[PDB]
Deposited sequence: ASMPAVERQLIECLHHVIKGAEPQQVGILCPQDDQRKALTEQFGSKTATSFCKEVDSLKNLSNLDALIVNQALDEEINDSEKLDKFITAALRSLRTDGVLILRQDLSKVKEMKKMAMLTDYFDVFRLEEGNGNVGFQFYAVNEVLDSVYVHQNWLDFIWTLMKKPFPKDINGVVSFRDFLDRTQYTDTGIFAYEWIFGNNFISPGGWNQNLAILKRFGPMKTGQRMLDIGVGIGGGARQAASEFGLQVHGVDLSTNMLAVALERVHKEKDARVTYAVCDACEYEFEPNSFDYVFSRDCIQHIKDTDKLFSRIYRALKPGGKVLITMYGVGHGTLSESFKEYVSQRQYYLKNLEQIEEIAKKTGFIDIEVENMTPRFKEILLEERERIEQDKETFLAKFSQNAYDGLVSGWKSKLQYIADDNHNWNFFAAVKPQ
């Protein structure tokens, strides 16, 4: 039971990709006439619009700059052969670089990983076109906000995808989902770190970090970059009354965050799947940007920092904790760990240099490695002590990997290879 706010959000999603352009040809697949007309009225005279009410009518659409598909796939999401026909027809109808905005409510789909599985399905599909393939490049998955605020529904999704040419090479997103942040990896991490957290020290430590923002007020807006399974965002909202928007590139991670907020219900918290280095955030809109033990994953720190600066309100504050590299002689074992994780580590000097260049003022940096060491020791006595309860849930292979990993990090700290760094700063004015 949606409202016109939904169609406006669908068009905003389109403009994340096409920016100031008005699309010349738009197709709309939407079986409900009122929603379809609401979408049509969003466009002006520079746009020609074609609409249909069933997917087989997509055969009549071509050369589209954008295809908006709204609540049309109830059958397809339960039937791969029908879904394949749709993806095929969608790809044929779009120009190369054309944008698909797909809205589908998954709240009546009991399977909680459905959003993630659909995203992977779209990302993998290939169609022969000419002497190569075409397929969809991933941009984002957003929640329909009307559904959160009016219907307590966090599982109403909008995919933003773009048609691209492909050869006949694993993505960053797929690397995260297939290696470090598999479902079993995620839940094994949560077990050691603490409920809802994938970061050192769990709830108590995250609260201590949040306090280093200084005074925060109810209703202020926070962007959480690399929100994981949501514990930090949920805590910022529940403890300080912040409105928190969390983003993560991993669908495995966000599937958990989304399942949990949909069940528990807190309208202060919303989530999006996207790459925080690419995604179009509203400029000058956030009071705070928080990133907890995420950015060691991100190579282009300069780009990230400029994007953070852009998204902050003047006077707003950024606070980040991250794995970093120390000043000791690097061991081959640490280097293999770094290479296998694909971490792009920096030291505090480097972070401060980048923050100054970006234009941040009031820069604070801290080497929190001694606290990191305490946390690793406490965490390890816990896995070692609760071995029997762990083995009831996960494999022996998973268990030994946690024990050996924590042992290893302790030695990496000892050589001053592995550091745990803090950075905060403010946008001028």
**Message:** As a test: can you identify every run of the deposited sequence that has no C-alpha position in this structure, in order?
**Reply:** 169-172
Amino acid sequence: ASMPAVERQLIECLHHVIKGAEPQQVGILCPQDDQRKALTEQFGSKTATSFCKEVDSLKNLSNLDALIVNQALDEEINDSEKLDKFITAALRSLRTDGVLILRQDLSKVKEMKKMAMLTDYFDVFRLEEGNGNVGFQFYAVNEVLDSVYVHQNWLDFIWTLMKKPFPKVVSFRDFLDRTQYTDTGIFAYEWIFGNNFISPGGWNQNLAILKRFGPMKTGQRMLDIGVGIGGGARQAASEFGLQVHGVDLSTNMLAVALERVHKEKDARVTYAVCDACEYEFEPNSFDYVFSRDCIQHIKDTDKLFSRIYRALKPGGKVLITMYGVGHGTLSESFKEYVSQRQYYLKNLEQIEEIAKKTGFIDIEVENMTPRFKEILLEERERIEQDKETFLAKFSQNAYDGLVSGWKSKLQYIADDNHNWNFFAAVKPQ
From here on, numbers count along this sequence of modelled residues.
**Prompt:** Comparing 155-163 with 73-81, where is the mean C-alpha B-factor higher?
**Reply:** 73-81
**Prompt:** If you average the Cα B factors in the entry, which is higher, 329-337 or 243-251?
**Reply:** 329-337
**Prompt:** Per the PDB entry, which option out of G98, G232, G130, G135 has the greatest Cα B factor?
**Reply:** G130
**Asked** Based on what the PDB entry reports, which of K356, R292, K168, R260 has the top C-alpha B-factor?
**Response** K168
**Item:** Entry-reported Cα temperature factor of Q411, expressed as the chain third it lands in
**Value:** highest
**Chain thirds of CA B-factor: placement of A89** = middle
**Message:** For the chain shown, is the CA B-factor of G316 in the lowest, middle or highest third of its modelled residues?
**Reply:** lowest
**Request:** Could you say whether, by C-alpha temperature factor, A425 belongs to the lowest, middle or highest third of its chain?
**Result:** lowest
**Cα B factor band for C277 (lowest, middle or highest third within the chain)** = highest
